[PDB]
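Asker: Below are the structure tokens for one structure; questions will follow.
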Amino acid sequence: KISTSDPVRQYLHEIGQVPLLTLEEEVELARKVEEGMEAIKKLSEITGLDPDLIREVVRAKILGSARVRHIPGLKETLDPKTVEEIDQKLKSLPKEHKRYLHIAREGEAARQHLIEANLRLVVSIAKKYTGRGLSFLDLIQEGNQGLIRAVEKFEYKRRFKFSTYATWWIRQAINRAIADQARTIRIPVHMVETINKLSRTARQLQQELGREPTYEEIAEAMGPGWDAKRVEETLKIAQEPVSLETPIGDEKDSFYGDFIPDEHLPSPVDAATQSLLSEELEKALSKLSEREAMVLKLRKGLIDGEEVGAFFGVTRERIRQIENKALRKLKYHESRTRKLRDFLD
Amino acid sequence: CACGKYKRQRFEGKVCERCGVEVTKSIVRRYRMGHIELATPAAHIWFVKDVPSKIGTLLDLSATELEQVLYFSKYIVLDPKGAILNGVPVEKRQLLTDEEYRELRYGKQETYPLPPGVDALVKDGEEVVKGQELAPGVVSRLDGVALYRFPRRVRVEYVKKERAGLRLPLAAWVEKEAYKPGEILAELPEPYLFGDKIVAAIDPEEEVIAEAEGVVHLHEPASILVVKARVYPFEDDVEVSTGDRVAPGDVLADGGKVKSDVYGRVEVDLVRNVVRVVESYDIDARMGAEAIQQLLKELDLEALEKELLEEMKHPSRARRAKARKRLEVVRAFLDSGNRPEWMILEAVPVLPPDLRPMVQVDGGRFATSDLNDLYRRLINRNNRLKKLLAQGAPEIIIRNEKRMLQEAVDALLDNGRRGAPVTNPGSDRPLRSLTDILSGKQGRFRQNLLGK
Ligand SMILES: [Zn+2]
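As given, the protein sequences belong to chains A and B, one line each in that order.
The first sequence lines up with residues 74 to 378, 384 to 423 when you count with UniProt numbering.
The second sequence lines up with residues 58 to 251, 364 to 621 when you count with UniProt numbering.
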């Protein structure tokens, strides 16, 4: 039906059936998550397999079958045979190392378990970074990605609990998202805060003047290197675009995007131009010397805009020689049979 | 070209060595198509929400409600097989809820009831919890009445200092007597003069005792797992060695997913050789376009054609009428044209660029075809999805996103059929959906005839 409610209910229901106890459960899971790490690494140590491979195989066996490997990550790990081979060596690990295998999986689980339990935490946080320009669900989702981030770095050895830790790692993820996706024309985090400070300042300035500050105040109040050109520029980037498709005039049925003209396209007038220009330019180019004329015709009209580097083997003296003498005979007879004079431009 | 290696008409049909640009003006920039590759498919709203759900009609599902049910949220439809019961056999095409679904795959019943104090229920439960098979309605005796009303075995968790006996290796290291030397026997204090057995009652925490530093004095859970616990399984090589050997060899998978006999999950507790084996089995449960993509490929329209042919002329008017409407769609599909697996979306065509401009206006204003904000919607979601799968994946969050994703895929195609997307606070306006472009108030075919 309506999407917010359903997810809310969805995780709230699961937290409702499994919140994590203050100390015990978060401690428990944590301990298991870390042992998994220590396990996986020791596993890479004895198998010679990359911790990345050991991590993905335990993931498959605990989180999902061939289905989750094939669709998400295209196909480099054979759906059945590949992962299985890896699990076999894990079994072969006698009593000593087999232990790390069994631990890794259980740890992987714990992880995923703690992640579930602390989803209310995200939404509670994400709840306040609402009106920033992101969808509540988008916001929670990024914040969610943030909690997963915290899970990788939390050191249970250092007594503090995951609550305060997740807060940071989540708030970071959210604010970035807000800065990276909110606008249609991407704006770096610095420009963002910049804009916030700019806005905030315009607020304190609105406070007393009764005059929406000229870009003079803003410069001053802002700080060290702020000037009128700077603020006029920032607020120009601050305005989000407009809907190319928008109801205009009397909204009866007006759509904004038809009114903008086109530039690259040669309005007939220009196509006719290129025709005569090229035909006449082509006639002159032939009744001459295919030497310094093509040099300057090709150097100027074919690739990019170098007198010396313009002519093949013949130096500058013959260049200027024929350039200026051919260019003028060409111009002065074109003066006789006036075809070019009427500036095609 | 972009960089300028080749710049005129002589070589009009060739591409640049270091950068790819074949040319004739930007009209190419306005007619070319790009695509987005979707993580986990989603489906066209054009085919799912027309009155006759072209997919609901073809796939005999609840033509209008079963779809909506599995599509946007998590209501699973058992796709191929799922041996374990609900009370009745596996429902080939029927759908179930998260709750009951949950009850299935992990193990019949989950009951975690953890005791209030340290000595009353912690003792009732412990005595009957570790090796004793606790029958249904096991009346634990102290706070109120701890009621365990379900199946097979039980696993308790933590304990204080009322008296320590028969528990796991946690406390072993604490009182160095038994883990340092063989002194657990003399640990029984004064009557030994006239497996775990500790002192009369000396330790009260869930700690490590170097110096009582790594601790956690708290509560004690007594969670009843309804699963069958095997301690000494043996070796029989008919099928591949199932379960475990006495103590040495353990062929079972670790403690997540392992199918041995009709029972299909296997947890492992290396404490006592205890191979926890839960009972539910391979139950293909899916929700979303994923589920329908499968169902759609599996169907041999010829069979359903012939099946409906018989259903059509033989039974009475109620079910045969439905069958005639359902044979219509199947006919054309096979007749001439293309085959029906395509209705599902996993590759989203993207409209050209110049047709969804980004332009400089007055003052320095800009203007872009609404389509572009929608596109970003999808691309962002689709990407957040990929990264969400890779990072690790807690179920709720992945679906949560998949939902958004779906929604998004609707947005560009057609907006408003299900909710209406809005550019941020400024105009509560439906971002023109590709649909609205074709039909719309003042759309395409429309103004294709109003005038040029
Ligand atoms: Zn190039």
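Just so it is clear, CB atoms sit at the ideal spot from N, CA and C, and this is done for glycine as well.
(1) Considering just the uninterrupted stretch of the beta strand (DSSP E) at residue 527 of chain B, what are its terminal residues?
(2) Which first and last residues belong to the alpha helix (DSSP H) in which residue 78 of chain A is found?
(3) With DSSP as the reference, identify every bridge partner of residue 392 of chain B, one or two as the case may be.
(4) Given a limit of 8 Å on CB to CB distance, which residues of the region 399 to 422 of chain B reach chain A?
(5) Please compile the residues from chain B whose C-beta is within a distance smaller than 8 Å of the C-beta of residue 330 of chain A.
(6) Report back the beta-carbon spacing between residue 418 of chain B and residue 435 of chain B to the nearest angstrom; my notes put them in contact at under 8 Å.
(7) For the beta strand (DSSP E) that residue 425 of chain B lies in, which residues bound it at each end?
(8) Helix, strand or coil: which one does DSSP assign to residue 604 of chain B?
(9) Residues of chain A with CB under 8 Å from residue 531 of chain B, in chain order?
(10) Output yes if chain A places a C-beta closer than 7 Å to the C-beta of residue 64 of chain B; else output no.
(11) Would residue 499 of chain B pass as a contact of residue 478 of chain B if the rule is Cβ separation under 7 Å?
(12) Should residue 62 of chain B be counted as a contact of ligand 1 given a C-beta to heavy atom distance under 6 Å?
(13) State yes or no: is the C-beta of residue 101 of chain B within less than 7 Å of the C-beta of residue 514 of chain B?
(14) State yes or no: is the C-beta of residue 311 of chain A nearer than 6 Å to some heavy atom of ligand 1?
(15) Can you find the residues in the same chain that come closer than 8 Å, C-beta to C-beta, to residue 420 of chain A, ignoring five residues on each side of it along the sequence?
(16) Taking the alpha-carbon of residue 363 of chain A as reference, which of A/351, A/109 and A/389 has the nearest alpha-carbon?
(17) Pick from B/152, B/77 and B/140: whose alpha carbon is nearest that of residue 125 of chain B?
(18) Under a CB-based cut-off of 7 Å, is residue 512 of chain B close to chain A?
(19) Looking at the unbroken alpha helix (DSSP H) that takes in residue 104 of chain B, where does it start and where does it end?
(20) Could you tell me the distance, in whole angstroms, from the CA atom of residue 258 of chain A to the CA atom of residue 79 of chain B?
(21) Return the CA-CA distance between residue 120 of chain A and residue 110 of chain A, expressed in angstroms with no decimal places.
(22) Return the bridge partner residues of residue 399 of chain B from the DSSP annotation.
(23) Comparing alpha-carbon positions, which option in A/304, A/97 and A/90 lies nearest residue 390 of chain B?
(24) Using 7 Å as the threshold, is the C-beta distance between residue 440 of chain B and residue 164 of chain B below it?
(25) Output, in chain order, the set of chain B residues within a Cβ distance shorter than 8 Å of residue 248 of chain A.
(26) Give the single residue among B/370, B/443, B/251 and B/546 whose Cα lies nearest to the Cα of residue 579 of chain B.
(27) May I ask whether a heavy atom of ligand 1 can be found less than 6 Å away from the beta carbon of residue 59 of chain B?
(28) Would you decide whether residue 46 of chain B is buried or exposed? Buried here means 16 or more other CB atoms lie within 10 Å of its CB.
(29) Would you mind telling me which residues of chain A sit closer than 9 Å to residue 83 of chain B, beta carbon to beta carbon, in chain order?
(30) Would residue 214 of chain A be called buried (16 or more neighbouring beta carbons within 10 Å of its own) or exposed?
(31) When you compare the CB of residue 558 of chain B with every CB in chain A, is at least one pair closer than 7 Å?
(32) State buried or exposed for residue 143 of chain A, treating a residue as buried only when at least 16 other CB atoms are found within 10 Å of its CB.
(33) DSSP three-state label for residue 547 of chain B, please.
(34) Tell me which residues share the same chain as residue 427 of chain B and place their Cβ nearer than 6 Å to its Cβ, disregarding the 5 neighbours each side in the sequence.
(35) For residue 473 of chain B, I'd like the list of residues in its chain whose CB is within less than 7 Å of its CB, leaving aside the five on either flank, ordered along the chain.
(36) Here's a check: name, in chain order, each residue in its chain whose Cβ is nearer than 8 Å to the Cβ of residue 584 of chain B, leaving out the five neighbours to either side.
Answerer: Reading it off the structure:
(1) Residue numbering aside, residue 527 of chain B sits at position 358 when the second sequence is read from its first letter. Per DSSP, the continuous beta strand (DSSP E) segment holding residue 527 of chain B begins and ends at 527 to 529.
(2) For the purposes of this step, residue 78 of chain A is identified with residue 5 of the first sequence, where counting begins at 1. Where residue 78 of chain A is concerned, the enclosing alpha helix (DSSP H) stretches over 78 to 90.
(3) For the purposes of this step, residue 392 of chain B is taken as the residue at position 223 of the second sequence. Residue 392 of chain B is bridged to B/212.
(4) For the region 399 to 422 of chain B, the set of positions with a beta-carbon nearer than 8 Å to some beta-carbon of chain A reads 419, 420 and 422 in chain order.
(5) Indexing the first sequence from 1 puts residue 330 of chain A at position 257. Within chain B, the residues near residue 330 of chain A are 526, 536 and 538.
(6) Taking the second sequence and counting its residues from 1, the one referred to as residue 418 of chain B is at position 249. Taking the second sequence and counting its residues from 1, the one referred to as residue 435 of chain B is at position 266. Contact annotation, residue 418 of chain B with residue 435 of chain B: C-beta distance approximately 15 Å; criterion of less than 8 Å not satisfied.
(7) By 1-based counting over the second sequence, the position of residue 425 of chain B is 256. Note, residue 425 of chain B: premise wrong, no beta strand (DSSP E); not H, not E.
(8) Taking the second sequence and counting its residues from 1, one reaches residue 604 of chain B at position 435. Helix.
(9) Locating residue 531 of chain B in the second sequence gives position 362, counting from the first residue. Simply none; closest approach about 10 Å.
(10) Reading the second sequence from its first residue, position 7 is the one you call residue 64 of chain B. Contacts with chain A at 7 Å (Cβ-Cβ) include residue 64 of chain B.
(11) Numbered from 1 along the second sequence, position 330 holds the residue referred to as residue 499 of chain B. Numbered from 1 along the second sequence, position 309 holds the residue referred to as residue 478 of chain B. Contact: no.
(12) Here residue 62 of chain B is taken as the residue at index 5 of the second sequence, counted from 1. Within the cutoff, so yes.
(13) Residue 101 of chain B sits at position 44 when you count from the first residue of the second sequence. Residue 514 of chain B sits at position 345 when you count from the first residue of the second sequence. Yes, they are a contact pair.
(14) Position 238 of the first sequence holds residue 311 of chain A. Checking the Cβ of residue 311 of chain A against ligand 1 gives no.
(15) For the purposes of this step, residue 420 of chain A is taken as the residue at position 342 of the first sequence. Contacts found: none.
(16) As a working mapping, residue 363 of chain A is identified with position 290 in the first sequence. It is A/389 whose Cα lies nearest to the Cα of residue 363 of chain A.
(17) Sequence index remark: in the second sequence, residue 125 of chain B carries index 68 (1-based). When each option's Cα is compared against that of residue 125 of chain B, the closest is B/152.
(18) For the purposes of this step, residue 512 of chain B is identified with residue 343 of the second sequence, where counting begins at 1. When Cβ-Cβ separations below 7 Å define contact, residue 512 of chain B makes no contact with chain A.
(19) Along the second sequence, one-based indexing puts residue 104 of chain B at 47. Element bounds for residue 104 of chain B: 102 to 105.
(20) Walking along the first sequence from the start, residue 258 of chain A turns up at place 185. Walking along the second sequence from the start, residue 79 of chain B turns up at place 22. Straight across, the Cα-Cα distance linking residue 258 of chain A with residue 79 of chain B is about 28 Å.
(21) Here residue 120 of chain A refers to the residue found at position 47 of the first sequence. Here residue 110 of chain A refers to the residue found at position 37 of the first sequence. One C-alpha to the other measures close to 15 Å.
(22) For the purposes of this step, residue 399 of chain B is identified with residue 230 of the second sequence, where counting begins at 1. Beta-bridge pairing links residue 399 of chain B to B/444.
(23) The sequence position of residue 390 of chain B within the second sequence is 221, counting from 1. Taking only the C-alpha atoms, the option nearest residue 390 of chain B is A/97.
(24) In the second sequence, residue 440 of chain B corresponds to position 271, counting from 1. In the second sequence, residue 164 of chain B corresponds to position 107, counting from 1. Their beta carbons are not under 7 Å apart, which means residue 440 of chain B does not touch residue 164 of chain B by this criterion.
(25) The residue given as residue 248 of chain A occupies position 175 in the first sequence. By Cβ distance, chain B contributes nothing, its closest Cβ being about 16 Å from residue 248 of chain A, past 8 Å.
(26) The residue you call residue 579 of chain B lines up with position 410 of the second sequence. Of B/370, B/443, B/251 and B/546, the smallest CA-CA separation from residue 579 of chain B is found for B/546.
(27) Numbered from its first residue, the second sequence carries residue 59 of chain B at position 2. At least one heavy atom of ligand 1 sits closer than 6 Å to the Cβ of residue 59 of chain B.
(28) Since the displayed chain B opens at 58 and closes at 621, residue 46 of chain B lies outside it and no answer follows.
(29) Along the second sequence, one-based indexing puts residue 83 of chain B at 26. Going along chain A in sequence order, the residues near residue 83 of chain B (Cβ under 9 Å) are 337 and 338.
(30) Here residue 214 of chain A refers to the residue found at position 141 of the first sequence. Residue 214 of chain A should be labelled buried.
(31) The count along the second sequence starts at 1 and reaches residue 558 of chain B at position 389. At least one beta carbon of chain A lies nearer than 7 Å to the beta carbon of residue 558 of chain B.
(32) As a first step, residue 143 of chain A is located in the first sequence; it is residue number 70 there, counting from the start. Exposed: under 16 other Cβ atoms inside 10 Å.
(33) Here residue 547 of chain B is taken as the residue at index 378 of the second sequence, counted from 1. Of the three classes helix, strand and coil, the one that applies to residue 547 of chain B here is helix, per DSSP.
(34) Position 258 of the second sequence, counted from the first residue, corresponds to residue 427 of chain B. Once the five neighbours on either side are set aside, the close Cβ partners of residue 427 of chain B are 421 and 435.
(35) Your numbering for residue 473 of chain B matches position 304 in the second sequence. For residue 473 of chain B, where only same-chain residues beyond five positions count, the Cβ hits under 7 Å are 499.
(36) Mapped onto the second sequence, residue 584 of chain B falls at position 415. For residue 584 of chain B, where only same-chain residues beyond five positions count, the Cβ hits under 8 Å are 543, 590, 599, 600, 601, 602, 604 and 605.
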